[PDB]
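Heads up: the structure comes next, in C-alpha cells.
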Amino acid sequence: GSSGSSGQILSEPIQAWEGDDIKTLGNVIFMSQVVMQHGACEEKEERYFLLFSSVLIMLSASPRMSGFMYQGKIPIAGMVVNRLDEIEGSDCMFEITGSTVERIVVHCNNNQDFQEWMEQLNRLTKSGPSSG
C-alpha cells in the first residue's frame, strides 16, 4: 500500500465516466480535494483532481457522500502549467489550461502536496524532470 482514500472510488464506476476505462489510462499520481472555480466571480468551487500523468481527471461530489462524478479530462498534451506566472507577485497557486479557452484556477493549499502538484505538473506538461 501507500496511502488511504475514501471508498467507492475503488468499488464502483465513476459517474458520467464513459469511454473505455480509467484503469487503462494509468494510475492516480496525486489525488486531493482542490478548489477550482474561476478568476474571481462569485464563490469557490470544490472538486477532485486525479493526475494520471497522461491526463487530469476531475471528479465532483454534488451530493453528500456517494461515489464521484466525472466532469471532464485534461490531456497533459497542450496543458499549460506555470504557477500562474502571467501576473506579478500575487499569490503562488497555479492554473491548468490547454484548450479552446479554458483555464482551471486551483486554489492554494500550502503543503508538500502543492509543491508536488507543481512538481509533477512540471514534468507532466513537460517531458522529463527539470534538471535531473
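Residue numbering restarts at 1 for every chain of the C-alpha cells, chains are lettered A, B, ... in their displayed order, and ligands are numbered from 1 as they appear.
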
* To do: May I have the residues within 7 Å of residue 125 (chain A) as a ChimeraX atom specification, using only C-alpha atoms and disregarding those fewer than 5 positions away in the same chain?
  => /A:76-77,79-81

* Selection: 7 Å around residue 36 (chain A), only C-alpha atoms, excl. self and same-chain fewer than 6 positions, as a PyMOL selection string -> chain A and resi 44-47+104-107

Prev. selection, N, CA, C and O atoms, output as an mmCIF file, in the first residue's frame:
data_model
loop_
_atom_site.group_PDB
_atom_site.id
_atom_site.type_symbol
_atom_site.label_atom_id
_atom_site.label_comp_id
_atom_site.auth_asym_id
_atom_site.auth_seq_id
_atom_site.Cartn_x
_atom_site.Cartn_y
_atom_site.Cartn_z
ATOM 1 N N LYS A 44 -16.082 30.033 -4.543
ATOM 2 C CA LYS A 44 -15.121 28.997 -4.878
ATOM 3 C C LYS A 44 -15.857 27.804 -5.492
ATOM 4 O O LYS A 44 -17.077 27.831 -5.639
ATOM 5 N N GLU A 45 -15.083 26.783 -5.832
ATOM 6 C CA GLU A 45 -15.646 25.582 -6.426
ATOM 7 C C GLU A 45 -14.785 24.366 -6.079
ATOM 8 O O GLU A 45 -13.750 24.136 -6.704
ATOM 9 N N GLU A 46 -15.244 23.619 -5.086
ATOM 10 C CA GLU A 46 -14.529 22.431 -4.650
ATOM 11 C C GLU A 46 -14.699 21.305 -5.672
ATOM 12 O O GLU A 46 -15.784 21.115 -6.217
ATOM 13 N N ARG A 47 -13.608 20.587 -5.899
ATOM 14 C CA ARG A 47 -13.622 19.485 -6.845
ATOM 15 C C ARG A 47 -12.418 18.569 -6.612
ATOM 16 O O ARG A 47 -11.477 18.942 -5.913
ATOM 17 N N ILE A 104 -8.243 26.404 -15.597
ATOM 18 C CA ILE A 104 -8.586 25.852 -14.299
ATOM 19 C C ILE A 104 -7.717 26.508 -13.225
ATOM 20 O O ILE A 104 -6.512 26.272 -13.166
ATOM 21 N N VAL A 105 -8.364 27.319 -12.400
ATOM 22 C CA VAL A 105 -7.666 28.012 -11.330
ATOM 23 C C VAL A 105 -7.846 27.237 -10.023
ATOM 24 O O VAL A 105 -8.872 27.365 -9.358
ATOM 25 N N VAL A 106 -6.832 26.449 -9.696
ATOM 26 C CA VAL A 106 -6.865 25.653 -8.480
ATOM 27 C C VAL A 106 -6.383 26.505 -7.304
ATOM 28 O O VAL A 106 -5.388 27.219 -7.418
ATOM 29 N N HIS A 107 -7.111 26.401 -6.202
ATOM 30 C CA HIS A 107 -6.769 27.153 -5.006
ATOM 31 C C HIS A 107 -5.487 26.587 -4.392
ATOM 32 O O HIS A 107 -5.133 25.434 -4.639
#

* **Neighbour list for residue 65 (chain A) as a list in words, cut-off 10 Å, only C-alpha atoms, skip fewer than 3 positions in-chain** =>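 Counting only C-alpha atoms, the residues come to residues 6, 7, 8, 61, 62 and 68 of chain A.
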
Go ahead and save the residues from that selection, with N, CA, C and O atoms, as an mmCIF file, in the first residue's frame.
data_model
loop_
_atom_site.group_PDB
_atom_site.id
_atom_site.type_symbol
_atom_site.label_atom_id
_atom_site.label_comp_id
_atom_site.auth_asym_id
_atom_site.auth_seq_id
_atom_site.Cartn_x
_atom_site.Cartn_y
_atom_site.Cartn_z
ATOM 1 N N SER A 6 -11.005 7.503 0.451
ATOM 2 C CA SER A 6 -12.416 7.185 0.583
ATOM 3 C C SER A 6 -12.768 5.988 -0.302
ATOM 4 O O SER A 6 -12.110 5.743 -1.311
ATOM 5 N N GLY A 7 -13.807 5.275 0.108
ATOM 6 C CA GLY A 7 -14.254 4.110 -0.636
ATOM 7 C C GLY A 7 -14.931 4.521 -1.945
ATOM 8 O O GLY A 7 -14.770 5.651 -2.402
ATOM 9 N N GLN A 8 -15.675 3.581 -2.510
ATOM 10 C CA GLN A 8 -16.377 3.832 -3.758
ATOM 11 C C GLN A 8 -15.380 3.950 -4.913
ATOM 12 O O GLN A 8 -15.417 3.156 -5.852
ATOM 13 N N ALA A 61 -18.618 15.962 -6.282
ATOM 14 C CA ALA A 61 -19.472 15.334 -5.290
ATOM 15 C C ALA A 61 -20.683 16.232 -5.024
ATOM 16 O O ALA A 61 -20.873 16.708 -3.907
ATOM 17 N N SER A 62 -21.469 16.435 -6.071
ATOM 18 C CA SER A 62 -22.656 17.267 -5.965
ATOM 19 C C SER A 62 -23.402 16.951 -4.666
ATOM 20 O O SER A 62 -23.697 17.851 -3.882
ATOM 21 N N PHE A 68 -18.251 9.354 -6.963
ATOM 22 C CA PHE A 68 -17.874 10.623 -7.562
ATOM 23 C C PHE A 68 -18.512 10.789 -8.943
ATOM 24 O O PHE A 68 -19.100 9.850 -9.476
#

* CA of residue 113 (chain A) to CA of residue 26 (chain A), straight-line distance in Å -> 20.1 Å

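Distances here use only C-alpha atoms; by that measure, the residue among A:120, A:82, A:90, A:131 closest to residue 28 (chain A) is A:120.
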
Write out as a short mmCIF file (atom, residue, chain, number, x, y, z; two decimals) with N, CA, C and O atoms, in the first residue's frame the set of residues from chain A that DSSP, computed on the backbone, places in strand (DSSP E).
data_model
loop_
_atom_site.label_atom_id
_atom_site.label_comp_id
_atom_site.auth_asym_id
_atom_site.auth_seq_id
_atom_site.Cartn_x
_atom_site.Cartn_y
_atom_site.Cartn_z
N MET A 31 -3.92 12.68 -5.72
CA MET A 31 -5.35 12.94 -5.63
C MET A 31 -5.69 13.64 -4.31
O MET A 31 -5.32 13.16 -3.24
N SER A 32 -6.39 14.75 -4.44
CA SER A 32 -6.79 15.52 -3.27
C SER A 32 -7.96 16.45 -3.63
O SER A 32 -8.26 16.65 -4.80
N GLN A 33 -8.57 17.00 -2.59
CA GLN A 33 -9.70 17.90 -2.78
C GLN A 33 -9.20 19.33 -3.00
O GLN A 33 -8.71 19.97 -2.07
N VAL A 34 -9.33 19.79 -4.24
CA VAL A 34 -8.90 21.13 -4.59
C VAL A 34 -10.13 22.03 -4.76
O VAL A 34 -11.26 21.56 -4.63
N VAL A 35 -9.86 23.29 -5.04
CA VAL A 35 -10.93 24.26 -5.23
C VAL A 35 -10.67 25.05 -6.51
O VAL A 35 -9.78 25.90 -6.56
N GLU A 46 -15.24 23.62 -5.09
CA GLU A 46 -14.53 22.43 -4.65
C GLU A 46 -14.70 21.31 -5.67
O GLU A 46 -15.78 21.11 -6.22
N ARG A 47 -13.61 20.59 -5.90
CA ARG A 47 -13.62 19.48 -6.84
C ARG A 47 -12.42 18.57 -6.61
O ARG A 47 -11.48 18.94 -5.91
N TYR A 48 -12.49 17.39 -7.21
CA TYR A 48 -11.42 16.42 -7.07
C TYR A 48 -10.61 16.30 -8.37
O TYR A 48 -11.19 16.20 -9.45
N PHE A 49 -9.30 16.32 -8.22
CA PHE A 49 -8.41 16.22 -9.37
C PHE A 49 -7.52 14.97 -9.27
O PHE A 49 -6.84 14.78 -8.27
N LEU A 50 -7.57 14.17 -10.32
CA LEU A 50 -6.78 12.95 -10.36
C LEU A 50 -5.75 13.06 -11.49
O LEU A 50 -6.11 13.03 -12.66
N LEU A 51 -4.49 13.17 -11.08
CA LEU A 51 -3.41 13.28 -12.04
C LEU A 51 -2.92 11.88 -12.42
O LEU A 51 -2.33 11.18 -11.59
N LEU A 56 -5.66 14.85 -16.73
CA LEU A 56 -6.12 15.37 -15.45
C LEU A 56 -7.62 15.06 -15.30
O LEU A 56 -8.46 15.78 -15.84
N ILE A 57 -7.90 14.00 -14.57
CA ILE A 57 -9.27 13.59 -14.34
C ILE A 57 -9.87 14.43 -13.21
O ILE A 57 -9.23 14.63 -12.17
N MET A 58 -11.09 14.89 -13.44
CA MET A 58 -11.78 15.71 -12.45
C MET A 58 -13.08 15.04 -12.00
O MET A 58 -13.85 14.56 -12.83
N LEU A 59 -13.27 15.02 -10.69
CA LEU A 59 -14.46 14.42 -10.12
C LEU A 59 -15.22 15.47 -9.31
O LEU A 59 -14.66 16.49 -8.92
N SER A 60 -16.50 15.19 -9.08
CA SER A 60 -17.34 16.10 -8.32
C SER A 60 -18.24 15.31 -7.37
O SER A 60 -18.57 14.15 -7.64
N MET A 69 -18.37 11.99 -9.48
CA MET A 69 -18.93 12.29 -10.79
C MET A 69 -17.87 12.90 -11.71
O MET A 69 -17.32 13.97 -11.42
N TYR A 70 -17.60 12.20 -12.80
CA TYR A 70 -16.61 12.66 -13.77
C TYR A 70 -17.15 13.83 -14.59
O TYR A 70 -18.19 13.72 -15.23
N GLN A 71 -16.42 14.93 -14.54
CA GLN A 71 -16.81 16.12 -15.27
C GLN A 71 -16.11 16.17 -16.63
O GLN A 71 -16.75 15.99 -17.66
N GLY A 72 -14.80 16.40 -16.58
CA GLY A 72 -14.01 16.47 -17.80
C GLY A 72 -12.60 15.94 -17.56
O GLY A 72 -12.22 15.67 -16.42
N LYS A 73 -11.86 15.81 -18.65
CA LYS A 73 -10.49 15.32 -18.57
C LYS A 73 -9.58 16.24 -19.38
O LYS A 73 -9.94 16.69 -20.47
N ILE A 74 -8.40 16.51 -18.82
CA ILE A 74 -7.43 17.37 -19.48
C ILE A 74 -6.17 16.56 -19.77
O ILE A 74 -5.48 16.11 -18.86
N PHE A 94 -1.54 27.94 -9.05
CA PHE A 94 -1.28 27.60 -10.43
C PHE A 94 -2.58 27.28 -11.18
O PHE A 94 -3.58 26.94 -10.56
N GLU A 95 -2.51 27.41 -12.49
CA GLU A 95 -3.67 27.15 -13.33
C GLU A 95 -3.43 25.91 -14.19
O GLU A 95 -2.30 25.44 -14.31
N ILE A 96 -4.52 25.41 -14.77
CA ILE A 96 -4.44 24.23 -15.62
C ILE A 96 -5.27 24.46 -16.88
O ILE A 96 -6.47 24.20 -16.89
N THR A 97 -4.60 24.95 -17.92
CA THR A 97 -5.27 25.22 -19.18
C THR A 97 -4.74 24.29 -20.27
O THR A 97 -3.93 23.40 -20.00
N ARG A 103 -9.52 27.68 -18.49
CA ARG A 103 -8.47 27.87 -17.50
C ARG A 103 -8.95 27.39 -16.13
O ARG A 103 -9.93 27.91 -15.60
N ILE A 104 -8.24 26.40 -15.60
CA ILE A 104 -8.59 25.85 -14.30
C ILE A 104 -7.72 26.51 -13.22
O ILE A 104 -6.51 26.27 -13.17
N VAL A 105 -8.36 27.32 -12.40
CA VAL A 105 -7.67 28.01 -11.33
C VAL A 105 -7.85 27.24 -10.02
O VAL A 105 -8.87 27.37 -9.36
N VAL A 106 -6.83 26.45 -9.70
CA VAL A 106 -6.87 25.65 -8.48
C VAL A 106 -6.38 26.51 -7.30
O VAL A 106 -5.39 27.22 -7.42
#

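DSSP, applied to the backbone of this structure, assigns helix (DSSP H, G or I) to the following residues of chain A: residues 112, 113, 114, 115, 116, 117, 118, 119, 120, 121, 122, 123, 124 and 125 of chain A.
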
Output file for the selection above: C-alpha atoms, as a PDB file, in the first residue's frame:
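The resulting file, part.pdb, is reproduced below:
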ATOM      1  CA  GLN A 112       4.112  19.252   0.396  1.00  0.00           C
ATOM      2  CA  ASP A 113       1.073  18.361  -1.677  1.00  0.00           C
ATOM      3  CA  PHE A 114       1.022  21.675  -3.503  1.00  0.00           C
ATOM      4  CA  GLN A 115       4.709  21.605  -4.355  1.00  0.00           C
ATOM      5  CA  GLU A 116       4.061  18.081  -5.574  1.00  0.00           C
ATOM      6  CA  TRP A 117       1.262  19.008  -7.948  1.00  0.00           C
ATOM      7  CA  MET A 118       3.596  21.689  -9.248  1.00  0.00           C
ATOM      8  CA  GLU A 119       6.465  19.220  -9.300  1.00  0.00           C
ATOM      9  CA  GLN A 120       4.625  16.629 -11.356  1.00  0.00           C
ATOM     10  CA  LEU A 121       2.643  19.085 -13.446  1.00  0.00           C
ATOM     11  CA  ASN A 122       6.094  20.446 -14.193  1.00  0.00           C
ATOM     12  CA  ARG A 123       7.418  17.204 -15.630  1.00  0.00           C
ATOM     13  CA  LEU A 124       3.968  16.159 -16.784  1.00  0.00           C
ATOM     14  CA  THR A 125       3.152  19.084 -19.044  1.00  0.00           C
TER      15      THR A 125
END

* Return the single residue from A:40, A:55, A:93, A:9 that is closest to residue 24 (chain A), with distances computed using only C-alpha atoms. =>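 Closest residue, counting only C-alpha atoms: A:55.
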
* In terms of the shortest atom-to-atom distance over only C-alpha atoms, which of A:84, A:109, A:15, A:130 is closest to residue 67 (chain A)? -> A:15

* Hey, which of A:3, A:52, A:38, A:43 ends up closest to residue 22 (chain A)? Count only C-alpha atoms. -> A:52
